[PDB]
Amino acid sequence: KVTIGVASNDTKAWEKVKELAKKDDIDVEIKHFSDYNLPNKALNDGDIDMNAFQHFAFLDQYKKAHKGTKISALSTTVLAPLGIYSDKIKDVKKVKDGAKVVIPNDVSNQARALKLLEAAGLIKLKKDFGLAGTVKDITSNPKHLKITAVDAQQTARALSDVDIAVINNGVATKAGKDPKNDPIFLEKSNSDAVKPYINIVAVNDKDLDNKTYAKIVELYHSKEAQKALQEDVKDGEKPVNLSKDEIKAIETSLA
């Protein structure tokens, strides 16, 4: 009676939720999607009841691009740090001049990726670079990096043809990579700066008070499902369980 859309393979927690939900006469069905552009339309069209694959910034930008979509965060799931990867150089400080760089092309992850390149000391962005910054906002490119933006799901595959790639945690693990230990540089994830990237369970605004959905997110956050999640992702992601007001605060802040 409840279909959850996901876009990554880290689903042990949801599998446990499905297992536990039976006891409450709730039949959970996990539906996987091939990229980030399908789950929100599926949710908006009623194909699924909720999805869990995106962060606050991505949803915010999606809503800005689709004024007819009334979807909001019901619960938070995890913080999944972004990382810089390379099959050629393992010291981010020794990236060769002229290196080819690949980053996600959607508004929020592209800006996020550029900020990470900046944090690694590879480029400089305008002082007021926002959550929607772009390549045009780079102020200095000392290493003459050749930056190319591709769909988020293709940054990992590109590794063989480029020097470095900024890959989303779920895409990296989808490629069988360790999002904690494989990156040559990890995104800072212990301050307010990373709040826009906390992942969420999203639902149609009309269902924000649904008691069955409430139960589902409750189970997700229960000790049992959380133990499953930790054994599944290890230290690759950090569980987050914000209160309703904290969730809205971020949503309001981004809009």
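We number the residues from 1 along the sequence you see.
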Completion exercise
Higher avg CA temperature factor (166-174 vs 138-146, as deposited) belongs to 138-146
Practice task
Between 195-203 and 40-48, name whichever shows the higher mean Cα B factor according to the PDB entry.
Solution key: 40-48
Handout entry: Candidate set 65, 219, 59, 186 [ranked by C-alpha B-factor, highest]
Key = 65
Practice task
Just say lowest, middle or highest third for the CA B-factor of residue 128 relative to the other modelled residues in its chain.
Solution key: highest
Exercise for the section: Within this chain's modelled residues, let me know which third the CA B factor of residue 87 belongs to: lowest, middle or highest. Expected result: highest
Fill in the blank from the handout: Of the three thirds of Cα B-factor ranks in this chain, residue 120 occupies the lowest
Problem - Chain third (lowest, middle, highest) by recorded CA B-factor, residue given as residue 54 - result: lowest
Practice task
Pull the Cα B-factor of residue 161 out of the PDB entry and bin it into the chain's lowest, middle or highest third.
Solution key: highest
